[PDB]
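Novice: Below is a structure I'd like to ask you about.
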Amino acid sequence: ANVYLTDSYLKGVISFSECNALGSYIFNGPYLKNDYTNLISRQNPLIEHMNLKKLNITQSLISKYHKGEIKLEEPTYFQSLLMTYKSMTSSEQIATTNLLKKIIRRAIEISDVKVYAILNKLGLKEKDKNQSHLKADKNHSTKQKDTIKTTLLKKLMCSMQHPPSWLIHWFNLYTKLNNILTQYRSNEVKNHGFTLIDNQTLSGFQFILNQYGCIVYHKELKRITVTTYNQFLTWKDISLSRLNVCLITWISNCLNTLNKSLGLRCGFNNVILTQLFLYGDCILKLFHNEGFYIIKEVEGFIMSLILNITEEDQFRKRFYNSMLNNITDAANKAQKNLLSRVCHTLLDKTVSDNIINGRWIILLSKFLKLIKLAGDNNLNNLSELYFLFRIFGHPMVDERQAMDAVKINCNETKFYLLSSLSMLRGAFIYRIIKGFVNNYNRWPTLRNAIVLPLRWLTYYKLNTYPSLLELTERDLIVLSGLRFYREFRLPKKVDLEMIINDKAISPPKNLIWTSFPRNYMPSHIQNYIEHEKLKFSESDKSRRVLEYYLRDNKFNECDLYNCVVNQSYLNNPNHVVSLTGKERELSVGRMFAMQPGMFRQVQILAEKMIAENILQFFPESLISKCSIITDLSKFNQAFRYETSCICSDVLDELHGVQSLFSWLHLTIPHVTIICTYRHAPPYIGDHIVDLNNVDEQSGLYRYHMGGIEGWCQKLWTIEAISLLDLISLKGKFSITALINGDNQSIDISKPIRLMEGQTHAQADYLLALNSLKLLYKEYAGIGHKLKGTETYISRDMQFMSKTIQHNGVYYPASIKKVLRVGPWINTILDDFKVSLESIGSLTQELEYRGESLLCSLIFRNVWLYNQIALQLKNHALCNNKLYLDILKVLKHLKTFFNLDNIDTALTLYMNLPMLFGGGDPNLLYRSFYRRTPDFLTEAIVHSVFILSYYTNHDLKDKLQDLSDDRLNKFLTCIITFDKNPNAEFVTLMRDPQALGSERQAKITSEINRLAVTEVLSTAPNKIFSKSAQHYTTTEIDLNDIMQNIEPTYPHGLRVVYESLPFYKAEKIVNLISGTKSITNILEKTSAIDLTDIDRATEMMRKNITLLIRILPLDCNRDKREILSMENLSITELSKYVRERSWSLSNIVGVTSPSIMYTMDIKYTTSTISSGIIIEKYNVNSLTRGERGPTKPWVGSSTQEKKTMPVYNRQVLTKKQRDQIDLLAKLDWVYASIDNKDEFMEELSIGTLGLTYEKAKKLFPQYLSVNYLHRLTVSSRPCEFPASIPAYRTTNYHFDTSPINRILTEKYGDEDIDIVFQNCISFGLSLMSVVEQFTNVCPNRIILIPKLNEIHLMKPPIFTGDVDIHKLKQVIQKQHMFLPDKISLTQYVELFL
Amino acid sequence: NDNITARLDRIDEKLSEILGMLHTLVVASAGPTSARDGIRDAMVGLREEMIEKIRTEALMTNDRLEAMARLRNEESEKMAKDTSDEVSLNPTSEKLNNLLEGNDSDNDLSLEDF
Amino acid sequence: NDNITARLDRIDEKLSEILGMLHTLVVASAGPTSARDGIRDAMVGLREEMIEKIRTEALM
Amino acid sequence: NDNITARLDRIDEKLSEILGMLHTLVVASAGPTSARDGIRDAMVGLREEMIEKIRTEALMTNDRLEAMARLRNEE
Amino acid sequence: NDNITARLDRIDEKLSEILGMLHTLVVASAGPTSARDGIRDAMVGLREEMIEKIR
C-alpha cells in the first residue's frame, strides 16, 4: 500500500481530449468534438471512467437527462456561474465578515513590531505628520491600545474595520472551493480510490469529484457538465487570483488615504474591477472555448492606450487601427471555428442566438470601454493593468488541431536567389573573422587562401579587418568562398551534470505504442508489444531520463565522442520526434517535442558547443531614429535546409567535425512526427506495427522540413543577426539589434538631421516606412515571409522584457508577480520552511519593484498568519502534529519571557528569524540592502531590534541600565551551550556559513543524502554504483585532509572542495535529493513510499520544535553570570558563537559586521561631519518616479588583479580553464603551507596530466597581497546592489571622504573588515524609506560609523601541513568525474 | 597592341556572360513530391522555366501570386497595403469603431441578458 | 603595361566572385536527400577530426 | 610576349569549357524528364576526377596534423 | 615581366579550382541511380587507400 499525494495548484496544462473521452462515455455521444476519441472510447471504455459511471448518483443524473429534464453544457458556462455566486445567505456572510475582520486585525498587529523598530532606529519618531469616529471610541480605543504603539497603524487599523462586499464575495468562494479540495485530498491520502460526493458545501451546486474526473450539477437551472481535475484546480486558482487583487487594492487604497506616498503608485475603484471580471466571464460564456483567442488579442489594446500618451500622431493612428483590425479578425475566426466544430455533436443547441444575430459587437465594445475607463489615462494604472492577462482561466488546449495548421505552414516549397544565400553566408563569415581579430588579435587559419583578391590578401598578411562602412555588397560574395582549419577542440568525456535532468523523453520508435493505455490499442498491436518488449534492452524501455541513465548496463564515457564523429545518428532506424501538448500559455501556441535519449545527448552537445565558443562573437545576442519591434515565433518553421545550413557549415567546419550542427535538417525530414498524449490515440487500422507504414491522419504526419520550436534556437539568433547586418549594408543606416529569443528589437539611426525638409519629425516617419519596406523585402527574399501582425514601428517607446520604460523612468507590474500567494505555494511534499521562504520572497519582490514597504509588509503578514493559525490544522500527511508542536513552542515562549497570552507569544514568534526556529521568512536588513557576507550577525541584530519592542530602548547606543533583562537573558542563553562537533571540516566546506553543533536546523538534502546514496548503490550503472558504494569513506578522508592546519579559513576550504573531483558527485546526488519520490525510482510507480513520509514529518516536527533546544529555560540557575551591556560588540558575539559551535581555536575572515547596526542616522551637520554624506542634486518635493541627472549605481565589489600569461587559450576546454583558475587560487592562498611543493605536485598530477613546474607556466599570478579582502568564489557575494529600483538611485550623490579621514588616522592604510558598498547602499534605501514615511524627502543625510565593531583584518600565516596520502586516495576513489587530462600533443601545440 | 587586347576583351566578354548567367540562377528548396512517398532532391534552374512551373502548378506551393511578382522584382498589392500612411479598416472593425466613439449610453445592455 | 595589370586585376576579382558563388551553391546543394545515399561527405569534403581517427586505425 | 598570348589562349579554352559546363548543368537540372529517361548514363571519368580531388584534399588535411605529432615526439 | 607571370599562374589556379567545383556539381546532380552507389563505393575505396598509404 502506497499513498498518492496530489497537486494543490495547477502545475500542468488543462486537457481537451480528457474531457472529451470522459463525456463521450458518460453521455454515450460525442461531447466536445466529433473525432476518433469518441469511437475508441465508447467501443473500449477505460477503467476509471467505468468506475465513475458505475456509481449510483451519476446514474440517476443520466436517467434524469435521458428524459430531457436537464440539458448539457460547456465547462466555461459553469465557470461563469460559479464566479457570479448570487446564492448567499445572511448567516454565512456574517460568519465570513467576522472571519475577515479577525484576519485583518491580527495581521495589522504582527507588523507593528517591525514598524516600531524601524521608526526607532530611524529616529523618525517625530515629524511623522470613519477613522476619527472609531478612533474616538472609549472601549475600542482601549482594545486597540492594548497591543499597538504606533499612531500610524492605529489610524489604519481603525480605518480598515469595515470591509466592502466584493472582498467578502471572493473570500467565501476561495474558502469553500479550498475546503472541498482539502477534504478530498485528505480522504484520498487515507483511503485509496475515493470519490467525493458533495451537495451542501457550496449552496445550490453538486460536485462528484475524483482524481480522474469531475461532474457538476445545478438543479435550479438544471444544467450538468463533465470536466477534469485540472479544471477544478483552475477554478480555485481563478478565485484565489481575484482575491489577491482585491486585498492588495484594498490595503493600498487605505494606506494612500493616509498619505500619498505610502501605498502603491496605482489607484483603482474595485467596482470597475468587478464589472470587468464579470464581462470577461460573459464573453467566455458567449464564445464557449474560442473566447480565449479574443482575450489574448485584447493585449494590443493596452499597448495602444499607452501609445496614445507616449507617441506622435502618425504612429498613434497606425497602431490603433492595426490593433482594432487584428481584434476583429480574431473574433471572426473564433465564431466561424466554433460553428464548424459544434455542427454535429451533443452541444448543437447550446450555441446562443447572439452569435448568429450579430449583436456580440455591443458587448465587446462595452468590455473594451470598461478597460479604457479602468485605465483612466495614466501610465501607472495602464502598466499594472496587465494582470487581466492572467485572471481568467487557461484554455482547454487540443492536440490534434494544433498540429494541422503547422503542417499546412511547414512542408512546402521555397525559392531563393543565389545572391541572397551567398550574401547571407558572406555576412556570417565576416562576423566570425571580426570576432577572431578583435578577440585573439589573430586571423583564423584558412586552407583556401588562393581564392582571394589582392585587395584582400593585403588584409590577410596584416592581421586586421576592414570596417563596415567601407565594405561593399559585391565584396561579401568574394568572402563567401573560404575554408577553415580546426580552431576549437571537442570535449571528449561526457559531462554528466548538464545531461541529467528530471524531464521525460520518448521511447524508441518500435516501442512508442506503450504511451497509450492498454484499453485503447487494438488486439494485434498489444500482441506485438508483448512479443517485442523483450528484444530491446531494459535501459531504453524507460519513461524518463533519470531511469535511462540509472539503468545503462553498457555505458562508456567515450561513447558520445565516438558517436558524434562516426555519424551514427544519421539514417538511424529508430528515431521519432513526438509532440506533446504541455506548452503552457494563454493562446494555444505550440506543443513541445521529445526524442529518444541519444539524440537528446547530441542536441544538448551542439547547443553547449555553440554557447561555449561561438556566441562570444555576437555580443548582441543575450539623427533620424526609428525602433522596430518584431515577434519571432513562427520564425522557426520558415527555415529550410539551405537557409540555415549555409551558415551552420562554418561552425561545423571550425570545430573540425562533419555534420554536427546540421543534424536537425538532415534527419528530421525522414521521421514520422506523431502526437503522443495518453487519451489521443491515432487510428491504426490493422496489420500495421510500425509508424513508417501508418496512413497519415489528423494525428501524425511526415516530411516536416523545418525547425521544431525550441531546438537549435541559437543558430537562428545568430543567423538573424547576420542577416540584419546585411540589411544595414544595403540600407546605409547605423543599426543595432537586441534578440532575447522572444522579441527582436531593431533600432535605426540615419544622419540626415540639419538636412530635413520643412519638418523636424514626419521625416523619421518616412525613414520608418522605407526601412520597413526594405526589411519586409529582405526577410521575404530569405524565404521567411513577415506578416503585418508581428512587427510594429515606434520612435520614443520600446517594450523590452515585458517592462514599460518611458522618458528614462520605469513602470513596474508588481501585482501580476504577487498574484498567486497561497498556503502551500512552491512546495515539495508539503513543507513548512520552504512555504514560508517562498511567501517571503514573492512579497519582498513586490516591495522591491512596486516601491512600497508597508503594503508588502501587511500583505505578507496576512497570509503568514493565515497559514500559521487557521489552516495549519488541515494538513495532508499528519492530522494535528504540527499544530500541537507549535502550541508547545508558544507555551514555552510564554513561560520563558513574561508574555501575558499565547497571542502575544504568536506575535513574538512571527517576528523571530528562521535561523533560530522562528517564523520570520526574511530578515530586517533585506528592506535596506540585498546581500551580505554573513547571516548570523544579521540574525542577532534583527532579534535585538525585535526584542527592543517589549523592552524600552533608545537604539542610539547601548544603554548602561536595563530594568527589564529579557534581551540580556536571551543573549546569555544564546552564548552558553554544550559542544558536540562531528565532521566539522567537510561541513564547513559544503556550507561555509554553517554553525553546526545542532544550533541550526537541517535542510532536506542533508537528511535525504543517505537514502539517496543507498538506493544509488544498487544501480545497474557501473559508474553510479561504484561512486555510491565508495561515497562514505571519501567524506572521512576529505575531513582529515585539511585537519592539521591550525588557522582555518572556510572559503579556502571551499576552493579546496571545488578543485577536487568530489563536487560533481555531490551535485548529482543532491539533485536527486530534491524530488518527492526517492527509494522508489527503480520501481517506476508515481506513488511514494511511507518511510519517506515518516522521515519528512519527523524532520518537520524537529525543525519546528528547535527553538526550545536553542533557548532552554533550564540554564537560569545553572549559569546565573550574565554578560554586561556596557560595550557589547555584536561582531565579537557572532565570532564567539561560530567558534564555540565548532570548538576550533580561531576562524578568520567570515564575519563581516552588520552595517545596519554599525552606522547611525543624522541630519544636522556637526563639527565632526564624518561618515558618508548622501545628498540629492535634484530639488523637488517628492522624487518618487522622477529621474535625476547622475548615472545609476550598482555596487560592484573590488575585483582581483592578476597577470595573464601569453599563450593561445583557443585550443583548450572550458572545464580545464576553470580548473587551472582554481589551482591558481590555491597557489595564491596556500603559499605559507610547508607541503606546498608536494601538495601542489599531487594536485597538478591528479587533476591534470602536467607536472607542477610546466603547469606553473599557465597559472595567472595574482598581485594582491590580501586575499581576505579580495577573493572570488561561488560562496561569496559578487555584487552589492540596493533595494530601490535602479532608476531612483540616479537622483542622489554620495561622498565618502569624511569617514575615510578617521578610518585612515587610526589603523591607517590597511584593509578593514566592513565592506564599503553596503554603506552607501543602505544610505540610498534609507533616503527612500524616509521619503515614504515622512512624505518629504530630506535634503541631506550623513552616516557616522560606530568605531567599536570595525575590527582589523590581516592576511594570516598558515601553520601545519596537509595529509597527502588521503588526498591521493580521494582523487583515486572517484576518478570518473575528473576533467580531461591535458595530453602531450595538446601541450606541445600550446606554445607556438 | 591589337591582338593581345582583342584576346583579352574576348576573355572578358565570355567571363561577364558567365557572371550574368550565375547571377540569374534561382534554387528551389528540397521537398516532398505529389502523392508523397519520397523526397525529391533540390533542383536548380534558370528563372524562366522555374516561373513557368510555378504558373502551371508543377510544384506544390501555398501561395503562387506573391512568388511570381516577387521574382519579377515588382511590388505586389499586399506590400503596398502593408507599408502605407494608414491601414484600410474592415467593415466589422468600422462597426466597433463607431460603437467605441459616441458614448451616448445607448447600449441598453443587461449583464443577465448576456 | 599599366592597363595590362588593371585589366588583369579586373579579371582576377571577377573570377573570385564566380568562385565564391559557385562554392556556396556547392555547399547548399548537399541537402537531406544526399544524406540518404551518404554522398554528403563527398561534396563537402573530409574534415580533420575523422581523418585523424583514420590515422589512429592506421597505426594499430 | 608571345608566351603571354599562348597562356591567354589556354585561358580562353578553359573558360569555354566552363561555359559549356554551366549550360550542361542548368539544362540537366532543368530537364523535366531528361533526368531519368534520356539520361547521359555516363560521366564515369568525372567521378575519378572528383575522387582524386578529394584524395589530394585529404592528403593536404593529413599533412599538417603529422607535423604537429612529429614535433610532439621530437620535443 | 614578373608580376605578369605571377598573376597568370594565380589565375590558372583559380581556373583549376572552379573547374573542380563544376565537376563535382555536374556529377552529383545528374544521376541518382548510379552515383548513389558509385560515389560511396569510391569513398570507402579512398578510405582503404588512406589506410594502406599510411601503412
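In the C-alpha cells, the first chain shown is A, the next is B, and so on; residue numbers restart at 1 for each chain, and ligands run from 1 in the order shown.
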Restrict the distance test to only C-alpha atoms, flag each residue of chain A within 7 Å of chain B, and return the flagged residues as a list in words.

Specialist: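 Close enough to count are residues 282, 318, 321, 322, 324, 325, 328, 361, 362, 365, 369, 412, 413, 414, 415, 416, 417, 418, 419, 703, 769, 773 and 788 of chain A.
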
Novice: Could you write out the selected residues, including N, CA, C and O atoms, as a PDB file, in the first residue's frame?

Specialist:
```pdb
ATOM      1  N   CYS A 282     -18.605  36.863 -19.167  1.00  0.00           N
ATOM      2  CA  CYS A 282     -19.704  36.895 -20.130  1.00  0.00           C
ATOM      3  C   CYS A 282     -19.216  36.546 -21.528  1.00  0.00           C
ATOM      4  O   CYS A 282     -19.836  35.741 -22.231  1.00  0.00           O
ATOM      5  N   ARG A 318      -1.690  54.643 -36.643  1.00  0.00           N
ATOM      6  CA  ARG A 318      -1.324  53.401 -37.313  1.00  0.00           C
ATOM      7  C   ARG A 318      -1.491  52.206 -36.384  1.00  0.00           C
ATOM      8  O   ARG A 318      -2.118  51.198 -36.747  1.00  0.00           O
ATOM      9  N   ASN A 321      -5.253  51.452 -35.459  1.00  0.00           N
ATOM     10  CA  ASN A 321      -6.036  50.796 -36.496  1.00  0.00           C
ATOM     11  C   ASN A 321      -5.601  49.353 -36.706  1.00  0.00           C
ATOM     12  O   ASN A 321      -6.450  48.460 -36.859  1.00  0.00           O
ATOM     13  N   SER A 322      -4.291  49.096 -36.728  1.00  0.00           N
ATOM     14  CA  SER A 322      -3.841  47.717 -36.884  1.00  0.00           C
ATOM     15  C   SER A 322      -4.364  46.839 -35.754  1.00  0.00           C
ATOM     16  O   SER A 322      -4.815  45.709 -35.988  1.00  0.00           O
ATOM     17  N   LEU A 324      -7.086  47.278 -33.820  1.00  0.00           N
ATOM     18  CA  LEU A 324      -8.518  47.044 -33.987  1.00  0.00           C
ATOM     19  C   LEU A 324      -8.780  45.960 -35.023  1.00  0.00           C
ATOM     20  O   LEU A 324      -9.589  45.045 -34.803  1.00  0.00           O
ATOM     21  N   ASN A 325      -8.109  46.055 -36.173  1.00  0.00           N
ATOM     22  CA  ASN A 325      -8.328  45.071 -37.224  1.00  0.00           C
ATOM     23  C   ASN A 325      -7.940  43.672 -36.762  1.00  0.00           C
ATOM     24  O   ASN A 325      -8.627  42.691 -37.079  1.00  0.00           O
ATOM     25  N   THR A 328     -10.737  42.253 -34.463  1.00  0.00           N
ATOM     26  CA  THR A 328     -11.948  41.827 -35.156  1.00  0.00           C
ATOM     27  C   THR A 328     -11.708  40.573 -35.993  1.00  0.00           C
ATOM     28  O   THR A 328     -12.575  39.688 -36.060  1.00  0.00           O
ATOM     29  N   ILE A 361     -21.037  42.481 -30.902  1.00  0.00           N
ATOM     30  CA  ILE A 361     -20.187  43.651 -31.042  1.00  0.00           C
ATOM     31  C   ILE A 361     -20.476  44.664 -29.950  1.00  0.00           C
ATOM     32  O   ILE A 361     -19.556  45.315 -29.446  1.00  0.00           O
ATOM     33  N   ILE A 362     -21.733  44.806 -29.537  1.00  0.00           N
ATOM     34  CA  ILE A 362     -22.034  45.772 -28.486  1.00  0.00           C
ATOM     35  C   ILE A 362     -21.425  45.324 -27.162  1.00  0.00           C
ATOM     36  O   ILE A 362     -20.899  46.142 -26.395  1.00  0.00           O
ATOM     37  N   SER A 365     -17.715  45.888 -27.311  1.00  0.00           N
ATOM     38  CA  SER A 365     -17.465  47.316 -27.187  1.00  0.00           C
ATOM     39  C   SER A 365     -17.573  47.769 -25.741  1.00  0.00           C
ATOM     40  O   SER A 365     -16.763  48.579 -25.275  1.00  0.00           O
ATOM     41  N   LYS A 369     -14.602  49.389 -23.512  1.00  0.00           N
ATOM     42  CA  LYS A 369     -14.777  50.693 -22.890  1.00  0.00           C
ATOM     43  C   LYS A 369     -14.538  50.627 -21.390  1.00  0.00           C
ATOM     44  O   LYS A 369     -14.034  51.588 -20.800  1.00  0.00           O
ATOM     45  N   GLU A 412       6.473  22.781 -47.488  1.00  0.00           N
ATOM     46  CA  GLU A 412       6.137  23.436 -48.743  1.00  0.00           C
ATOM     47  C   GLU A 412       7.438  23.681 -49.495  1.00  0.00           C
ATOM     48  O   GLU A 412       8.510  23.246 -49.073  1.00  0.00           O
ATOM     49  N   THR A 413       7.334  24.355 -50.634  1.00  0.00           N
ATOM     50  CA  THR A 413       8.488  24.668 -51.460  1.00  0.00           C
ATOM     51  C   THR A 413       8.828  26.147 -51.328  1.00  0.00           C
ATOM     52  O   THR A 413       7.939  27.000 -51.379  1.00  0.00           O
ATOM     53  N   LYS A 414      10.111  26.446 -51.148  1.00  0.00           N
ATOM     54  CA  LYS A 414      10.592  27.816 -51.072  1.00  0.00           C
ATOM     55  C   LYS A 414      11.646  28.053 -52.143  1.00  0.00           C
ATOM     56  O   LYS A 414      12.445  27.162 -52.446  1.00  0.00           O
ATOM     57  N   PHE A 415      11.640  29.253 -52.723  1.00  0.00           N
ATOM     58  CA  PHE A 415      12.578  29.636 -53.769  1.00  0.00           C
ATOM     59  C   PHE A 415      13.427  30.803 -53.289  1.00  0.00           C
ATOM     60  O   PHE A 415      12.889  31.807 -52.811  1.00  0.00           O
ATOM     61  N   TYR A 416      14.745  30.673 -53.425  1.00  0.00           N
ATOM     62  CA  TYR A 416      15.677  31.746 -53.115  1.00  0.00           C
ATOM     63  C   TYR A 416      16.566  32.010 -54.319  1.00  0.00           C
ATOM     64  O   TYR A 416      16.867  31.100 -55.095  1.00  0.00           O
ATOM     65  N   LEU A 417      17.001  33.258 -54.460  1.00  0.00           N
ATOM     66  CA  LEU A 417      18.012  33.584 -55.453  1.00  0.00           C
ATOM     67  C   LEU A 417      19.399  33.364 -54.871  1.00  0.00           C
ATOM     68  O   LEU A 417      19.637  33.613 -53.688  1.00  0.00           O
ATOM     69  N   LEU A 418      20.321  32.908 -55.721  1.00  0.00           N
ATOM     70  CA  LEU A 418      21.640  32.507 -55.245  1.00  0.00           C
ATOM     71  C   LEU A 418      22.377  33.655 -54.573  1.00  0.00           C
ATOM     72  O   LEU A 418      23.128  33.435 -53.614  1.00  0.00           O
ATOM     73  N   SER A 419      22.168  34.882 -55.048  1.00  0.00           N
ATOM     74  CA  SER A 419      22.830  36.026 -54.438  1.00  0.00           C
ATOM     75  C   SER A 419      22.408  36.212 -52.989  1.00  0.00           C
ATOM     76  O   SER A 419      23.219  36.622 -52.156  1.00  0.00           O
ATOM     77  N   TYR A 703       7.514  14.303 -43.255  1.00  0.00           N
ATOM     78  CA  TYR A 703       8.174  15.285 -44.110  1.00  0.00           C
ATOM     79  C   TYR A 703       7.997  16.697 -43.552  1.00  0.00           C
ATOM     80  O   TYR A 703       7.347  17.552 -44.145  1.00  0.00           O
ATOM     81  N   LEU A 769       8.980  53.989 -42.600  1.00  0.00           N
ATOM     82  CA  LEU A 769       8.257  53.307 -43.671  1.00  0.00           C
ATOM     83  C   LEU A 769       9.217  52.694 -44.683  1.00  0.00           C
ATOM     84  O   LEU A 769       9.042  51.539 -45.096  1.00  0.00           O
ATOM     85  N   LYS A 773       9.812  48.709 -45.465  1.00  0.00           N
ATOM     86  CA  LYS A 773       9.705  48.137 -46.804  1.00  0.00           C
ATOM     87  C   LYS A 773      10.918  47.270 -47.117  1.00  0.00           C
ATOM     88  O   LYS A 773      10.787  46.110 -47.531  1.00  0.00           O
ATOM     89  N   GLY A 788       2.184  41.494 -41.283  1.00  0.00           N
ATOM     90  CA  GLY A 788       1.867  42.757 -40.640  1.00  0.00           C
ATOM     91  C   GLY A 788       1.307  42.625 -39.240  1.00  0.00           C
ATOM     92  O   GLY A 788       1.073  43.648 -38.587  1.00  0.00           O
TER      93      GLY A 788
END
```

Novice: With 12 Å as the limit and counting only C-alpha atoms, what residues in chain A lie close to chain E? Please list them as an mmCIF file with N, CA and C atoms, in the first residue's frame.

Specialist:
```cif
data_model
loop_
_atom_site.group_PDB
_atom_site.id
_atom_site.type_symbol
_atom_site.label_atom_id
_atom_site.label_comp_id
_atom_site.auth_asym_id
_atom_site.auth_seq_id
_atom_site.Cartn_x
_atom_site.Cartn_y
_atom_site.Cartn_z
ATOM 1 N N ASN A 448 41.819 27.636 -48.178
ATOM 2 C CA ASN A 448 41.605 28.264 -49.479
ATOM 3 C C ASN A 448 41.968 29.744 -49.390
ATOM 4 N N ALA A 449 43.270 29.992 -49.294
ATOM 5 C CA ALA A 449 43.781 31.352 -49.385
ATOM 6 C C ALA A 449 44.036 31.783 -50.817
ATOM 7 N N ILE A 450 44.110 30.834 -51.750
ATOM 8 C CA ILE A 450 44.373 31.169 -53.145
ATOM 9 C C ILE A 450 43.253 32.029 -53.709
ATOM 10 N N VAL A 451 42.006 31.696 -53.387
ATOM 11 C CA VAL A 451 40.851 32.417 -53.919
ATOM 12 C C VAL A 451 40.664 33.659 -53.053
ATOM 13 N N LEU A 452 41.376 34.710 -53.409
ATOM 14 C CA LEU A 452 41.283 35.925 -52.623
ATOM 15 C C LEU A 452 41.893 37.068 -53.422
ATOM 16 N N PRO A 453 41.173 38.165 -53.625
ATOM 17 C CA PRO A 453 41.735 39.285 -54.381
ATOM 18 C C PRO A 453 42.891 39.934 -53.642
ATOM 19 N N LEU A 454 43.738 40.613 -54.415
ATOM 20 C CA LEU A 454 44.901 41.277 -53.835
ATOM 21 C C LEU A 454 44.490 42.271 -52.756
ATOM 22 N N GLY A 481 33.396 32.457 -50.352
ATOM 23 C CA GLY A 481 34.125 31.234 -50.607
ATOM 24 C C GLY A 481 35.448 31.159 -49.881
#
```

Novice: Could you tell me how far CA of residue 1054 in chain A sits from CA of residue 1222 in chain A, in Å to one decimal place?

Specialist: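 Computing the Euclidean distance for CA of residue 1222 in chain A and CA of residue 1054 in chain A yields 10.4 Å.
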
Novice: Need to verify the contact set: residue 41 in chain C, 10 Å, only C-alpha atoms, exclusion of same-chain residues closer than 5 positions in sequence. Can you return it as a list in words?

Specialist: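 Contacts, in chain order: residues 658 and 659 of chain A; 30, 34, 35, 46 and 47 of chain C; 54 of chain D; 39, 40 and 43 of chain E.
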
Novice: Could you write out that same residue set with C-alpha atoms as a PDB file, in the first residue's frame?

Specialist:
```
ATOM      1  CA  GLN A 658      31.322  16.832 -40.007  1.00  0.00           C
ATOM      2  CA  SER A 659      27.565  17.495 -39.838  1.00  0.00           C
TER       3      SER A 659
ATOM      4  CA  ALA C  30      24.212  18.663 -50.210  1.00  0.00           C
ATOM      5  CA  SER C  34      22.177  13.195 -50.481  1.00  0.00           C
ATOM      6  CA  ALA C  35      22.465  12.314 -46.795  1.00  0.00           C
ATOM      7  CA  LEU C  46      36.694  15.414 -45.392  1.00  0.00           C
ATOM      8  CA  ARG C  47      37.432  17.446 -42.281  1.00  0.00           C
TER       9      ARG C  47
ATOM     10  CA  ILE D  54      39.037  14.649 -52.606  1.00  0.00           C
TER      11      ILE D  54
ATOM     12  CA  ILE E  39      30.327   7.599 -55.016  1.00  0.00           C
ATOM     13  CA  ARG E  40      30.139   5.799 -51.676  1.00  0.00           C
ATOM     14  CA  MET E  43      34.696   6.787 -50.880  1.00  0.00           C
TER      15      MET E  43
END
```

Novice: As a ChimeraX atom specification, please: every residue in chain B that DSSP puts in strand (DSSP E or B).

Specialist: /B:26-28,31-32,39-40,44-45

Novice: Taking only residues of chain E that have an atom at most 12 Å from an atom of chain B, what is each one's shortest atom pair and its distance in Å to one decimal, using only C-alpha atoms, in chain and number order, as CSV?

Specialist:
```
residue,atom,partner,partner_atom,distance
E:15,CA,B:15,CA,11.8
E:25,CA,B:44,CA,11.1
E:26,CA,B:44,CA,11.6
E:28,CA,B:41,CA,11.0
E:29,CA,B:43,CA,8.4
E:30,CA,B:43,CA,10.6
E:31,CA,B:41,CA,11.2
E:32,CA,B:41,CA,9.5
```

Novice: Near residue 50 in chain C, within 9 Å and counting only C-alpha atoms, which residues show up once chain neighbours fewer than 4 positions away are dropped, as a PDB file with C-alpha atoms, in the first residue's frame?

Specialist:
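Saved result, around.pdb, follows:
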```
ATOM      1  CA  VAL A 565      32.147  11.656 -35.184  1.00  0.00           C
ATOM      2  CA  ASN A 566      31.224   8.232 -36.567  1.00  0.00           C
ATOM      3  CA  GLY A 656      36.619  20.097 -37.372  1.00  0.00           C
ATOM      4  CA  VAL A 657      33.674  17.685 -37.113  1.00  0.00           C
ATOM      5  CA  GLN A 658      31.322  16.832 -40.007  1.00  0.00           C
TER       6      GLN A 658
ATOM      7  CA  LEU C  46      36.694  15.414 -45.392  1.00  0.00           C
ATOM      8  CA  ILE C  54      41.513   7.009 -39.543  1.00  0.00           C
ATOM      9  CA  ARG C  55      45.160   7.707 -38.739  1.00  0.00           C
TER      10      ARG C  55
END
```

Novice: Looking at B:102, B:46, B:54, B:9, which one is nearest to residue 28 in chain D, with distances taken over only C-alpha atoms?

Specialist: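 Selected residue with least distance to residue 28 in chain D: B:46.
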
Novice: Which residues are close to residue 70 in chain D, i.e. within 12 Å by only C-alpha atoms, leaving aside same-chain residues fewer than 4 positions away? Reply as a PyMOL selection string.

Specialist: (chain A and resi 1384-1385+1388-1389) or (chain D and resi 63-66+74-75)

Novice: Would you mind exporting C-alpha atoms of the selected residues as a tab-separated table (two decimals), in the first residue's frame?

Specialist:
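Contents of the output file out.tsv:
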```tsv
chain	number	residue	atom	x	y	z
A	1384	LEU	CA	51.20	15.74	-24.61
A	1385	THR	CA	50.28	16.74	-28.17
A	1388	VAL	CA	53.24	20.83	-27.35
A	1389	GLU	CA	50.94	22.68	-29.74
D	63	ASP	CA	49.99	16.61	-43.78
D	64	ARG	CA	49.54	19.45	-41.28
D	65	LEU	CA	48.49	17.18	-38.40
D	66	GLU	CA	51.56	14.96	-38.91
D	74	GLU	CA	60.85	15.22	-31.07
D	75	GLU	CA	60.13	17.80	-28.35
```

Novice: Between CA of residue 177 in chain A and CA of residue 235 in chain A, what is the distance in Å, rounded to a tenth?

Specialist: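 Taking CA of residue 177 in chain A and CA of residue 235 in chain A, their separation equals 8.3 Å.
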
Novice: Can you work out which one of A:976, A:580, A:1190, A:76 has the shortest atom-to-atom distance to residue 1291 in chain A, counting only C-alpha atoms?

Specialist: A:1190

Novice: CA of residue 945 in chain A and CA of residue 1299 in chain A are how many Å apart?

Specialist: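 Between CA of residue 945 in chain A and CA of residue 1299 in chain A the gap works out to 25.4 Å.
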
Novice: Nearest to chain B: which of C:3, C:33, C:10, C:16 is it, counting only C-alpha atoms?

Specialist: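 The shortest atom-to-atom distance to chain B comes from C:33.
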
Novice: Considering only C-alpha atoms, give me a table of residues in chain C that are at most 10 Å from chain B, with the closest atom pair and distance in Å for each, as CSV.

Specialist:
```
residue,atom,partner,partner_atom,distance
C:3,CA,B:5,CA,9.7
C:4,CA,B:5,CA,8.7
C:7,CA,B:8,CA,8.3
C:8,CA,B:8,CA,9.0
C:10,CA,B:12,CA,9.1
C:11,CA,B:12,CA,7.1
C:14,CA,B:19,CA,7.8
C:15,CA,B:15,CA,8.1
C:17,CA,B:19,CA,8.3
C:18,CA,B:19,CA,6.5
C:21,CA,B:22,CA,7.9
C:22,CA,B:22,CA,8.3
C:25,CA,B:27,CA,8.8
C:28,CA,B:42,CA,9.3
C:29,CA,B:42,CA,7.1
C:30,CA,B:42,CA,8.8
C:31,CA,B:42,CA,7.4
C:32,CA,B:30,CA,7.8
C:33,CA,B:41,CA,5.6
C:34,CA,B:41,CA,7.9
```

Novice: What residues in chain D lie within 9 Å of chain C, counting only C-alpha atoms, written as a ChimeraX atom specification?

Specialist: /D:50-51,54,57-58,61-62,65

Novice: As a PyMOL selection string, please: every residue in range 205-413 of chain A that a backbone DSSP assignment puts in helix (DSSP H, G or I).

Specialist: chain A and resi 229-258+270-286+291-297+299-310+313-341+346-348+353-357+360-375+379-391+400-410
